[PDB]
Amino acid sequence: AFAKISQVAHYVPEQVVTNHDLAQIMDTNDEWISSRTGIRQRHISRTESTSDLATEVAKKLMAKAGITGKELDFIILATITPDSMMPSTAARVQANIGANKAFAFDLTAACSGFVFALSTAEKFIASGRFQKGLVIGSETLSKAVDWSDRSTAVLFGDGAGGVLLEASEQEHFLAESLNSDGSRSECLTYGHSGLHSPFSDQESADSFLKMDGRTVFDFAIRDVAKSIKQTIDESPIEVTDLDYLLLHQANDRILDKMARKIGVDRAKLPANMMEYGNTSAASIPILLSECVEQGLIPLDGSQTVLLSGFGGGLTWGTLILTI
C-alpha cells in the first residue's frame, strides 16, 4: 500500500501584526527584522486556539475532496502549542468535524512535526488498513513567545496548514530521513512544566520560548543542509529532478545559504515567512498550500518535491515525494 497527498489547505487568524506594529511595543524596527530574517509581518490569533486553526484546515480539506468527517480513518496533528494535553488537539478537531470513525493523536517534534506526522501517517496507510486521513501542523506560537524579548518575539507567528493523505496505486513517497539530536536540546526551548505536589521539590524555570539563535542558525546551514543533500543522494532521484524544496520558514538568509550548500538555485526554494513569520510545524504545509493556490504545484503527480522541517529537539526530517 502507498500514500499520496490529494488535498492541501491552510488557515491563519485574520489579525495581521506588521513589524511596524511590533516597533510600537518593543525596541525593534521593520528594517532590522526584514534584513535579518525576511519577515515583514505575521498573523497573531486574537480568539482562536491551535485546534480552532486546525479545524478550519480540516473543513477546507474535506470540502476540496468532496468528503465528510465520517470518511476519515485518522487525524494526526503536529503542534508544540496544543490547546490542552488532554484532550489532544487532534481529538478536538475530530469532535469539531464529526470524524466519528477516526482515531486522533498529536505528535510532538516541534518544527519537524509536520514532516514526522506525514511520515507516521504514511506508515498507517502502508499497512493497507487505513485509507484516508488528515495530517495537520498547527500553532499559536503567539502564546509561547516572551513578548518582552525583542530577539525572539518578532520571529514567530500563528497558523495551520495540512493535507489529506490517501491510499494510492502509486508510490509517491520516494525517500525519508527522520532525525533528532536531544544533546543540543537546550538551544530551542518552550513549555517547561515543573513538578508540583505537596511531595515534590519546588520548581521554577522559564516556560516561554527561548532560543540560542547562532547555534540553531549553524545547525540548519551545516547539519540540516548536509542531511538534505544526503537524502537526495540516497534517494532514486537527483538534485535536478526536484521541482521545489519546501523548507521550514524560519529565516530567508538561511534558505539562501542552504540552497548554496545543497547546490540548487534559490528559485527552487519558495518562501513565505515575509507574510507569516515562522509558524513551526505549520510552516511547510502553509507554504505547500500557497504553492498549490498559485498553480506552482497542481497536485497531479507531475512533480517531485522535497520537504524539510528542522528545529526544536533538535529535530530534522526530510521527505522526497511525487506530488
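Heads up: residue numbers just count along the shown sequence, starting at 1.
Legend: mean Cα B-factor per stretch from the PDB entry, 308-316 versus 16-24; the higher mean is in 16-24. For the two regions 109-117 and 147-155, the entry's Cα B-factors average higher over 147-155.
Reading the B-factor column for the CA atoms of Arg222, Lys123, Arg92, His248 in the entry, the top value corresponds to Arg222. The maximum CA B-factor among the listed residues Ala281, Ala259, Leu61, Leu288, taken from the PDB record, is found at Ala259. Among the modelled residues of its chain, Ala271 has a C-alpha B-factor that falls in the middle third according to the deposited record.
Among the modelled residues of its chain, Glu48 has a C-alpha B-factor that falls in the middle third, as given in the PDB entry. When the modelled residues of the chain are ordered by C-alpha B-factor, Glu203 sits in the highest third. Annotation for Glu238: CA B-factor lies in the highest third of the chain's modelled residues.
For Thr55, the recorded CA B-factor ranks within the lowest third of the chain. Only modelled residues enter the ranking.
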